[PDB]
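S.K.: Quick one: the structure is below, questions incoming.
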Amino acid sequence: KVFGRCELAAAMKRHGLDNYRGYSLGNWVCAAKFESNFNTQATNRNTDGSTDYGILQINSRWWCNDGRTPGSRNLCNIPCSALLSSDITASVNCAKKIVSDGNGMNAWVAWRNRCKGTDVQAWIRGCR
């Protein structure tokens, strides 16, 4: 599923991402935009053989199991295919554990390079 800007903002707000660990809702929407273009089925292969999955491009190296990343961890305890669902529940729950491990949202390269230090509030402007 390809989410709308305000549609995803409402969904994320309901799952308790607004102000989670000090990060306003605008940051999460901005991250989703430049990681997957609001597409839940987005996948990308990394050089080391791992793969990013879903709306927030979560790495199979540490967080999920896809069965083809030798010597990797499954810290979110889910198959990576569950992150491609039209229901973002799995992706949100896993992202909460990632943002809490010390590095914050710096774990997402696109947020660090294209969202950090900008007016992220603009991403939720106009939404009910």
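S.K.: Of the cross-linked pairs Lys1/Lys97; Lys13/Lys33; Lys1/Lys116; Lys13/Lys96, which ones have a Cα-Cα span greater than 18 Å in the structure shown?
M.R.: From the list (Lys1/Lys97; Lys13/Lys33; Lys1/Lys116; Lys13/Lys96), the Cα-Cα distance tops 18 Å for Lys1/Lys97; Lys1/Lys116.
S.K.: Between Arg73 and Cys6, how high is the FRET efficiency from 1/(1 + (r/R0)^6) when r is the Cβ-Cβ distance and R₀ = 35 Å? Nearest 0.05. It would help to have the intermediate numbers written out before the result.
M.R.: Details: r = 35 Å, r/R0 = 1.00.
Given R0 = 35 Å and the Cβ-Cβ separation, E is 0.50.
S.K.: If I take every Cα pair under 8 Å that is 6 or more residues apart in the chain, average their sequence separation and divide by the length, what percent do I get for the relative contact order? Kindly include the intermediate steps, with their values, before the conclusion.
M.R.: Details: 196 pairs, mean separation 34.1, N = 128.
Relative contact order, the chain: 27 percent.
S.K.: Under a Cβ-only charge scheme (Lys and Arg +1, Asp and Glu -1), can you give me the dipole magnitude of region 26-128 about the Cα centre, in debye to the nearest 20? Don't skip to the end; give the middle numbers.
M.R.: Numbers: 12 positive and 7 negative charges, 40 e Å.
Result for region 26-128 is approximately 200 debye, rounded to the nearest 20.
S.K.: Using a basic spin-label model with each label point 7 Å from the Cα along Cα→Cβ, how many nm lie between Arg114 and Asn19?
M.R.: Modelled inter-label distance: 2.9 nm.
S.K.: Can you tally the net charge around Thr40? Count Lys and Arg as +1, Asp and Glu as -1, for every other residue whose Cβ sits under 9 Å from the Cβ of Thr40.
M.R.: Details: positive: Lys1; negative: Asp87.
For residues surrounding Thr40, the net value is 0.
Every number in this text was worked out from the coordinates using simple rules, so none of it is lab data. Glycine also receives a Cβ, built like all others from the backbone with ideal geometry; neighbour counts cover every protein chain displayed.
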